[PDB]
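Input: a single structure, listed below in C-alpha coordinates.
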Amino acid sequence: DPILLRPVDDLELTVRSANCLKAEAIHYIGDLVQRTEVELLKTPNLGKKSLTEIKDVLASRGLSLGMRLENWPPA
DNA sequence: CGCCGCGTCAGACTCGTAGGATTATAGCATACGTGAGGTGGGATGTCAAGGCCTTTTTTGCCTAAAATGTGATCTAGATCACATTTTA
(Lines give C-alpha, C1' and ligand atoms only; values in the text may rest on other atoms or scores of the structure.)
Protein backbone atom coordinates (compact mmCIF):
# COMPACT_ATOMS: atom_id res chain seq x y z
CA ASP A 1 0.00 0.00 0.00
CA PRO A 2 1.08 3.66 -0.20
CA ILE A 3 0.99 3.74 3.63
CA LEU A 4 3.27 0.70 4.10
CA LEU A 5 6.31 2.70 3.00
CA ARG A 6 6.15 5.72 5.36
CA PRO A 7 8.45 6.46 8.29
CA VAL A 8 6.59 6.42 11.58
CA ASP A 9 7.13 10.14 12.34
CA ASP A 10 4.14 10.89 10.08
CA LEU A 11 2.14 9.38 12.96
CA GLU A 12 3.75 11.98 15.25
CA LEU A 13 5.15 9.48 17.77
CA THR A 14 6.39 10.20 21.33
CA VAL A 15 9.97 10.34 22.58
CA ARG A 16 9.86 7.24 24.82
CA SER A 17 8.13 5.15 22.14
CA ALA A 18 10.56 6.54 19.55
CA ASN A 19 13.49 5.37 21.68
CA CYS A 20 11.76 2.00 21.92
CA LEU A 21 11.49 1.81 18.11
CA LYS A 22 15.03 2.93 17.22
CA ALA A 23 16.32 0.66 19.99
CA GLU A 24 14.82 -2.44 18.33
CA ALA A 25 15.95 -1.99 14.69
CA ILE A 26 12.40 -1.34 13.44
CA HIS A 27 12.83 0.80 10.29
CA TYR A 28 9.77 0.63 8.01
CA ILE A 29 6.09 0.56 8.87
CA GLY A 30 6.17 -2.65 6.86
CA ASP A 31 8.74 -3.68 9.46
CA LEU A 32 6.42 -2.46 12.24
CA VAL A 33 3.36 -4.46 11.25
CA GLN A 34 5.42 -7.64 10.75
CA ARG A 35 6.41 -7.43 14.44
CA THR A 36 4.10 -9.00 17.03
CA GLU A 37 2.78 -7.52 20.28
CA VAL A 38 4.59 -9.87 22.68
CA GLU A 39 7.74 -9.15 20.67
CA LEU A 40 7.19 -5.55 21.87
CA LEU A 41 6.03 -6.05 25.48
CA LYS A 42 9.15 -7.96 26.53
CA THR A 43 11.34 -5.18 25.12
CA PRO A 44 12.78 -2.27 27.14
CA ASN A 45 10.43 0.54 28.22
CA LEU A 46 7.38 -0.92 26.41
CA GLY A 47 4.98 -1.96 29.17
CA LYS A 48 1.37 -0.90 29.47
CA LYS A 49 0.76 2.36 27.73
CA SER A 50 2.96 2.50 24.61
CA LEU A 51 0.90 -0.43 23.29
CA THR A 52 -2.28 1.43 24.31
CA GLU A 53 -1.79 4.65 22.35
CA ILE A 54 0.10 3.09 19.43
CA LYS A 55 -2.97 0.86 19.15
CA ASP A 56 -4.99 4.09 19.19
CA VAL A 57 -3.12 5.81 16.35
CA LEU A 58 -3.01 2.69 14.16
CA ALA A 59 -6.75 2.40 14.79
CA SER A 60 -6.86 6.01 13.53
CA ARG A 61 -4.99 5.68 10.22
CA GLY A 62 -6.45 2.38 9.07
CA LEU A 63 -3.92 -0.37 9.87
CA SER A 64 -3.25 -2.85 12.67
CA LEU A 65 -0.49 -4.85 14.38
CA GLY A 66 1.11 -8.22 13.83
CA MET A 67 0.11 -8.50 10.17
CA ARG A 68 1.98 -10.64 7.64
CA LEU A 69 3.96 -9.52 4.58
CA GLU A 70 5.29 -11.20 1.46
CA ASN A 71 7.85 -9.95 -1.06
CA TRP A 72 9.38 -7.77 1.67
CA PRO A 73 11.56 -5.59 1.33
CA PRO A 74 11.15 -4.21 -2.21
CA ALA A 75 13.32 -1.34 -0.90
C1' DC B 1 -24.21 102.38 -35.27
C1' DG B 2 -22.66 98.56 -38.17
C1' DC B 3 -19.07 96.53 -40.47
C1' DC B 4 -14.57 94.03 -40.78
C1' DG B 5 -10.42 91.19 -39.25
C1' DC B 6 -8.67 88.41 -36.44
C1' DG B 7 -8.91 84.85 -33.61
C1' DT B 8 -11.27 80.36 -30.93
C1' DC B 9 -13.18 76.32 -31.20
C1' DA B 10 -15.87 71.15 -32.28
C1' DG B 11 -15.57 67.73 -35.81
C1' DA B 12 -19.43 59.35 -33.94
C1' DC B 13 -18.09 54.76 -31.48
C1' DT B 14 -15.72 49.69 -30.18
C1' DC B 15 -12.12 46.35 -32.11
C1' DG B 16 -7.05 45.19 -34.57
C1' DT B 17 -1.29 46.12 -37.19
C1' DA B 18 3.91 47.11 -36.57
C1' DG B 19 8.51 48.40 -33.80
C1' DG B 20 10.95 52.94 -33.37
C1' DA B 21 15.26 57.52 -33.42
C1' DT B 22 19.04 61.13 -33.62
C1' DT B 23 23.97 65.51 -33.75
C1' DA B 24 27.83 66.86 -31.41
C1' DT B 25 29.83 69.14 -28.54
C1' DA B 26 38.68 70.01 -25.54
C1' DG B 27 41.29 68.85 -22.34
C1' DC B 28 44.14 68.00 -18.22
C1' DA B 29 45.08 68.97 -13.17
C1' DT B 30 43.35 69.04 -7.75
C1' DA B 31 41.41 67.40 -4.34
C1' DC B 32 37.83 65.56 -2.02
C1' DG B 33 34.04 61.76 -0.61
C1' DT B 34 31.62 57.46 -1.20
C1' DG B 35 31.17 52.68 -2.90
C1' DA B 36 32.61 47.85 -2.26
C1' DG B 37 36.04 45.66 0.36
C1' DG B 38 38.30 43.80 4.93
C1' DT B 39 37.79 42.54 10.01
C1' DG B 40 37.85 41.41 14.89
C1' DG B 41 33.89 40.55 18.28
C1' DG B 42 29.64 40.66 20.90
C1' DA B 43 25.94 38.12 20.52
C1' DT B 44 23.09 35.19 19.01
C1' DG B 45 21.96 30.58 17.79
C1' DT B 46 23.15 25.12 18.05
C1' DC B 47 24.41 20.73 19.64
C1' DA B 48 26.11 17.32 22.87
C1' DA B 49 26.06 15.78 27.74
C1' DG B 50 24.24 16.36 32.92
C1' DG B 51 20.64 17.82 37.80
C1' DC B 52 15.17 18.72 39.52
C1' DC B 53 10.13 16.04 39.67
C1' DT B 54 6.22 12.97 37.84
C1' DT B 55 5.13 9.49 35.22
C1' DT B 56 5.99 5.26 33.38
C1' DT B 57 8.11 0.61 33.30
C1' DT B 58 9.67 -2.98 35.73
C1' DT B 59 8.82 -5.15 39.45
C1' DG B 60 8.55 -6.29 44.90
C1' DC B 61 5.03 -8.25 47.48
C1' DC B 62 1.06 -9.36 50.08
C1' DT B 63 -2.24 -12.53 51.68
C1' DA B 64 -6.80 -14.21 50.15
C1' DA B 65 -7.68 -18.21 48.64
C1' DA B 66 -9.62 -20.09 44.72
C1' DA B 67 -7.61 -23.02 41.93
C1' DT B 68 -4.72 -27.42 40.11
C1' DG B 69 -3.25 -31.85 41.03
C1' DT B 70 -3.56 -37.62 43.47
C1' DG B 71 -5.74 -41.84 41.36
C1' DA B 72 -8.91 -46.31 42.14
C1' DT B 73 -13.76 -46.69 42.23
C1' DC B 74 -18.03 -46.76 39.99
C1' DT B 75 -21.74 -45.39 36.59
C1' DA B 76 -25.45 -44.72 33.26
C1' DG B 77 -24.97 -44.90 28.38
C1' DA B 78 -24.20 -47.75 24.06
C1' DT B 79 -24.29 -52.15 20.54
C1' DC B 80 -26.13 -55.89 16.72
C1' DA B 81 -28.11 -59.56 13.97
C1' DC B 82 -32.33 -61.83 14.40
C1' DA B 83 -38.11 -61.58 14.45
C1' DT B 84 -41.45 -59.55 13.43
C1' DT B 85 -44.87 -55.54 13.17
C1' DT B 86 -46.69 -51.52 12.18
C1' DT B 87 -48.46 -47.77 8.84
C1' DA B 88 -49.45 -45.03 4.36
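By order of appearance in the C-alpha coordinates: chains A, B, ..., then residues from 1 within every chain, and ligands from 1 in the order shown.
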
**Study point:** chain A contacts on chain B, only C-alpha atoms (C1' of nucleotides), 12 Å, as a count of residues only
**Key:** 5

Exercise for review: May I have the residues within 8 Å of stretch 58-71 of chain A as a VMD selection string, using only C-alpha atoms (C1' of nucleotides) and disregarding those fewer than 2 positions away in the same chain?
Suggested key: chain A and resid 30 32 to 37 54 to 56 73 to 74

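If you look at atom CA of residue A:13 and atom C1' of residue B:47, they are 22.4 Å away from each other.
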
Revision key, fill the gap. Atom pair atom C1' of residue B:54 + atom CA of residue A:57, distance 24.5 Å

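The space between atom CA of residue A:1 and atom CA of residue A:42 spans 29.2 Å.
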
**Study point:** chain A: residues DSSP assigns to alpha helix (DSSP H), reported as a PyMOL selection string
**Key:** chain A and resi 15-23+29-34+38-41+49-60

Hey, can you spit out that residue selection with N, CA, C and O atoms as a short mmCIF file (atom, residue, chain, number, x, y, z; two decimals), in the first residue's frame?
```
data_model
loop_
_atom_site.label_atom_id
_atom_site.label_comp_id
_atom_site.auth_asym_id
_atom_site.auth_seq_id
_atom_site.Cartn_x
_atom_site.Cartn_y
_atom_site.Cartn_z
N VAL A 15 8.52 10.51 22.43
CA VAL A 15 9.97 10.34 22.58
C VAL A 15 10.30 8.97 23.17
O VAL A 15 11.21 8.29 22.68
N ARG A 16 9.59 8.55 24.22
CA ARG A 16 9.86 7.24 24.82
C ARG A 16 9.61 6.12 23.82
O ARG A 16 10.45 5.23 23.64
N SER A 17 8.45 6.15 23.16
CA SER A 17 8.13 5.15 22.14
C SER A 17 9.12 5.20 20.98
O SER A 17 9.49 4.17 20.41
N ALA A 18 9.54 6.41 20.59
CA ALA A 18 10.56 6.54 19.55
C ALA A 18 11.86 5.85 19.95
O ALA A 18 12.46 5.14 19.15
N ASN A 19 12.31 6.06 21.19
CA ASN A 19 13.49 5.37 21.68
C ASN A 19 13.29 3.87 21.67
O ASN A 19 14.21 3.11 21.35
N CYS A 20 12.07 3.42 21.99
CA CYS A 20 11.76 2.00 21.92
C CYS A 20 11.87 1.47 20.49
O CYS A 20 12.36 0.35 20.27
N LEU A 21 11.43 2.25 19.50
CA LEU A 21 11.49 1.81 18.11
C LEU A 21 12.92 1.77 17.60
O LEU A 21 13.39 0.74 17.11
N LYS A 22 13.64 2.90 17.68
CA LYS A 22 15.03 2.93 17.22
C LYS A 22 15.90 1.94 17.97
O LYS A 22 16.90 1.46 17.42
N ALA A 23 15.55 1.61 19.22
CA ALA A 23 16.32 0.66 19.99
C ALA A 23 16.23 -0.75 19.43
O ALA A 23 17.13 -1.56 19.66
N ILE A 29 7.39 0.96 8.33
CA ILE A 29 6.09 0.56 8.87
C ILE A 29 5.74 -0.85 8.40
O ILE A 29 5.04 -1.59 9.10
N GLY A 30 6.24 -1.25 7.23
CA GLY A 30 6.17 -2.65 6.86
C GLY A 30 6.97 -3.52 7.82
O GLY A 30 6.62 -4.68 8.04
N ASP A 31 8.04 -2.97 8.41
CA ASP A 31 8.74 -3.68 9.46
C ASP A 31 7.98 -3.61 10.78
O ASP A 31 8.03 -4.56 11.56
N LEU A 32 7.28 -2.50 11.06
CA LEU A 32 6.42 -2.46 12.24
C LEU A 32 5.39 -3.58 12.22
O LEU A 32 5.37 -4.44 13.11
N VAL A 33 4.53 -3.60 11.20
CA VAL A 33 3.36 -4.46 11.25
C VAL A 33 3.75 -5.94 11.20
O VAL A 33 2.98 -6.80 11.63
N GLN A 34 4.94 -6.26 10.69
CA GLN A 34 5.42 -7.64 10.75
C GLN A 34 5.83 -8.05 12.17
O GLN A 34 5.91 -9.25 12.45
N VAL A 38 3.73 -9.33 21.63
CA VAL A 38 4.59 -9.87 22.68
C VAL A 38 6.06 -9.65 22.35
O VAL A 38 6.90 -9.56 23.25
N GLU A 39 6.39 -9.56 21.06
CA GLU A 39 7.74 -9.15 20.67
C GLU A 39 8.03 -7.70 21.05
O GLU A 39 9.20 -7.30 21.02
N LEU A 40 7.01 -6.92 21.39
CA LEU A 40 7.19 -5.55 21.87
C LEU A 40 7.17 -5.48 23.40
O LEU A 40 7.98 -4.75 23.99
N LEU A 41 6.24 -6.20 24.04
CA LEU A 41 6.03 -6.05 25.48
C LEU A 41 7.27 -6.44 26.27
O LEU A 41 7.63 -5.77 27.24
N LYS A 49 1.49 1.28 28.39
CA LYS A 49 0.76 2.36 27.73
C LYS A 49 1.23 2.65 26.31
O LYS A 49 0.44 3.14 25.49
N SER A 50 2.51 2.40 26.00
CA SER A 50 2.96 2.50 24.61
C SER A 50 2.05 1.69 23.70
O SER A 50 1.52 2.22 22.71
N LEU A 51 1.81 0.43 24.05
CA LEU A 51 0.90 -0.43 23.29
C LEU A 51 -0.50 0.18 23.21
O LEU A 51 -1.16 0.09 22.17
N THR A 52 -0.95 0.81 24.29
CA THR A 52 -2.28 1.43 24.31
C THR A 52 -2.41 2.50 23.23
O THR A 52 -3.23 2.37 22.30
N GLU A 53 -1.59 3.55 23.30
CA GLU A 53 -1.79 4.65 22.35
C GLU A 53 -1.25 4.37 20.95
O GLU A 53 -1.75 4.97 19.99
N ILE A 54 -0.27 3.48 20.79
CA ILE A 54 0.10 3.09 19.43
C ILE A 54 -1.04 2.30 18.81
O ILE A 54 -1.34 2.45 17.62
N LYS A 55 -1.74 1.49 19.63
CA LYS A 55 -2.97 0.86 19.15
C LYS A 55 -4.00 1.91 18.77
O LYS A 55 -4.74 1.74 17.79
N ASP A 56 -4.06 3.02 19.52
CA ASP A 56 -4.99 4.09 19.19
C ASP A 56 -4.68 4.70 17.82
O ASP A 56 -5.57 4.83 16.98
N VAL A 57 -3.42 5.09 17.59
CA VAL A 57 -3.12 5.81 16.35
C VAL A 57 -3.20 4.89 15.13
O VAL A 57 -3.63 5.31 14.05
N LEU A 58 -2.83 3.61 15.28
CA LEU A 58 -3.01 2.69 14.16
C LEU A 58 -4.49 2.39 13.93
O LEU A 58 -4.89 2.14 12.79
N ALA A 59 -5.30 2.40 14.99
CA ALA A 59 -6.75 2.40 14.79
C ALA A 59 -7.21 3.66 14.07
O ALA A 59 -8.23 3.62 13.37
N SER A 60 -6.48 4.77 14.21
CA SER A 60 -6.86 6.01 13.53
C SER A 60 -6.61 5.91 12.03
O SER A 60 -7.54 6.07 11.23
#
```
